[PDB]
Amino acid sequence: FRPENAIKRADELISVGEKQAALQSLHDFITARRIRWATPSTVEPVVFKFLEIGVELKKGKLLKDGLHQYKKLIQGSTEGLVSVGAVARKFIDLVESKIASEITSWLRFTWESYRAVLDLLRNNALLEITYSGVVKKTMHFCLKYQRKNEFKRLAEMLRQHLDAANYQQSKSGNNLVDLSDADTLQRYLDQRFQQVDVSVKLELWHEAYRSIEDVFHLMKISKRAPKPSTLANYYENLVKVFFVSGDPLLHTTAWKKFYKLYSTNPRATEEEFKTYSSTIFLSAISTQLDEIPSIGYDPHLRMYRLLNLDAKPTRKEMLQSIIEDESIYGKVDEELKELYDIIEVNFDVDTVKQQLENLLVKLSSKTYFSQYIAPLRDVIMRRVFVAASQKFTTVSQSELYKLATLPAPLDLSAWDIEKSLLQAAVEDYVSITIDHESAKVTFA
Numbered sequence: 006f007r008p009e010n011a012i013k014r015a016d017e018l019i020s021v022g023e024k025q026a027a028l029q030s031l032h033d034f035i036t037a038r039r040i041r042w043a044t045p046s047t048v049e050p051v052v053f054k055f056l057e058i059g060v061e062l063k064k065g066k067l068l069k070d071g072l073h074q075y076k077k078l079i080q081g082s083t084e085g086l087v088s089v090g091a092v093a094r095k096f097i098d099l100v101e102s103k104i105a106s107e151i152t153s154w155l156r157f158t159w160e161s162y163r164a165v166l167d168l169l170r171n172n173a174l175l176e177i178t179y180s181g182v183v184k185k186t187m188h189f190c191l192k193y194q195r196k197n198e199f200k201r202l203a204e205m206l207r208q209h210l211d212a213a214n215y216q217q218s219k220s221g222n223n224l225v226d227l228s229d230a231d232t233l234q235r236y237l238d239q240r241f242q243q244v245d246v247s248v249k250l251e252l253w254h255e256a257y258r259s260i261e262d263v264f265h266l267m268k269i270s271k272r273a274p275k276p277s278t279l280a281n282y283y284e285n286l287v288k289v290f291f292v293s294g295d296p297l298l299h300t301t302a303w304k305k306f307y308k309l310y311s312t313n314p315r316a317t318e319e320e321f322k323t324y325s326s327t328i329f330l331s332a333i334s335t336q337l338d339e340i341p342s343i344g345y346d347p348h349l350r351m352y353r354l355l356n357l358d359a360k361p362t363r364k365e366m367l368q369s370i371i372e373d374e375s376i377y378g379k380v381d382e383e384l385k386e387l388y389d390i391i392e393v394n395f396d397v398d399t400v401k402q403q404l405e406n407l408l409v410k411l412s413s414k415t416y417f418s419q420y421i422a423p424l425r426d427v428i429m430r431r432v433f434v435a436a437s438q439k440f441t442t443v444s445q446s447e448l449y450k451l452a453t454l455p456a457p458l459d460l461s462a463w464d465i466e467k468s469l470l471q472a473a474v475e476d477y478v479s480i481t482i483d484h485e486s487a488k489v490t491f492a
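The sequence shown maps to residues 6 to 107, 151 to 492 in PDB author numbering.
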């Protein structure tokens, strides 16, 4: 019949308190078999009314069924797909106004709404823009309401979506997503870039880590480069991830990738180049000694390829690739260069406590130095134990342990020191026999 008549009958049915009968009346109209031929433009207002009522009554299933059934009828024309996307947007704007007005079941309703719209707009060339919009809105929603569980499921949904796109690539059907086109990719990559950001901000490190692989695969296929802003943010997220992760070589790498990209910004102060360069160098000195093959087991081995590295580097290699690169080594604080001399170049155990004692007063004031104190200490002490292994045959525990006591803030209690000595022995940086009877240590 007529849309005006439909709206009227709805408005009348709400006055009698038959709200559900009104929603159900509109559903019938817009999912009617005659809608396939109707002008999308002139039925869309009824779909809008259907959405208005459906949101108030929180009838999520009927809304979903309404949209899907309507789209199947209408998606034949270009104007049809346009109406679909427009009705998707209307739905989202309606529920998004309800969160503004409002509540637990309202958040879940909102999630289910975002989810439904995304699953409705999935893998359609004409709806790529609206979908990419809803993805961004959905990720902003999860971060804004710390909905970590739903976020994890969202991420999985986006993965399944892309898997279907890839399967459909070799099908040449109309209105199918073309993963060959850079604009399509620019959006998909932007979504995955944002997926990583929210992951990091919600401290879901396992999910952050999975999304790095998601992003990488899109960067591979992508011909067109991303915005240097959004890419710089990405690398800045990787520095966070790999620090939490305990992969220090990857951490330095993410920093270098970020430094190399930030040195091409017009608004980049010299004070920043000072502190960033310093951070990068310290984190490379602060890296665990790989001067001996690992125990060894490493579940993060695949990640080197994900950071575009052909293979796992050494700390010596990384540290040299930092010293040689003048763009970085140039703006590095002097204290760190001296440190590098003291620990890596000319290491003398008989003088290291002193060198460090004179250098740490200046180093402690540095902002970045605070967060690398532990691993650095570990490195220095490892070196001290190795060199001590070279210096003694049977040394008193008193002598050895005090000789391995760095100055603050690298200081350690005597028992934590023996603890380090044994760890070095387990990793075979030294073989020892400790006689607790005599309070002596023998390197045999």
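Backbone N, C-alpha and C fix where the C-beta goes; we use that ideal spot for every residue, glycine too.
Of all alpha-carbon atoms in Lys308, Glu318, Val51 and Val474, the one lying nearest the alpha-carbon of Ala91 is that of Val51. Secondary structure remark: continuous beta strand (DSSP E) runs of at least 3 residues inside the segment 385 to 456, in chain order: 442 to 444. Within the model, the alpha-carbon separation for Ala302 versus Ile333 is close to 16 Å.
For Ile482, the pairing in a beta bridge is given by DSSP as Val489.
In the three-state DSSP reduction, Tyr477 falls in the coil class, being neither helix nor strand. Contact between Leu309 and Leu279 is confirmed by a C-beta separation of about 6 Å, below the 8 Å threshold. Our two residues, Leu266 and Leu237, have alpha carbons roughly 6 Å apart in a direct line. Taking all protein chains shown into account, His254 has fewer than 16 neighbouring C-beta atoms within 10 Å of its C-beta and is therefore exposed.
Counting every other CB atom within 10 Å of its CB across the protein chains shown gives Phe290 a total of 16 or more, marking it as buried. Classified as exposed, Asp396 has fewer than 16 neighbouring CB atoms from the shown chains inside 10 Å of its CB. Taking C-beta atoms as the reference points, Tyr162 and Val182 count as a pair closer than 8 Å. Residue state for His209 is assigned as helix, using DSSP reduced to three classes.
Proximity to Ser369 across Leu297, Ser82 and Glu318 peaks at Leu297, based on C-alpha coordinates. In this chain, the alpha helix (DSSP H) harbouring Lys364 covers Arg363 to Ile371. Distances from the alpha-carbon of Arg350 to those of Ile421, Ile260 and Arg425 put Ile260 closest. DSSP, read as helix, strand or coil, puts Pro347 in coil. Ranked by Cα distance from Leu210, the options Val263, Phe189, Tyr193 and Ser437 are led by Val263. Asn281: member of the alpha helix (DSSP H) spanning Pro276 to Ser293, first to last residue. Within 10 angstroms of the beta-carbon of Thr335 lie 16 or more other beta-carbons, which makes it buried. Distance check between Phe96 and each of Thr152, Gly71, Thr83 and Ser106 places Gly71 closest, using alpha-carbon atoms only.
Relative to the Cα of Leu252, the nearest Cα in the group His299, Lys268, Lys288 and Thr441 belongs to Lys288. Taking C-beta atoms under 8 Å as the contact rule, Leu224 and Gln216 qualify, at a distance of about 5 Å. With respect to the 8 Å criterion, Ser437 and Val478 are classified as neighbours on the basis of their beta carbons. Burial check for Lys66: the Cβ neighbour count within 10 Å stays below 16, so the residue is exposed.
Fully enclosed alpha helix (DSSP H) runs of no fewer than 4 residues occupy 176 to 192 and 196 to 216 of the segment 174 to 223, in order along the chain.
Of all alpha-carbon atoms in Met429, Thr415, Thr317 and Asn214, the one lying nearest the alpha-carbon of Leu404 is that of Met429.
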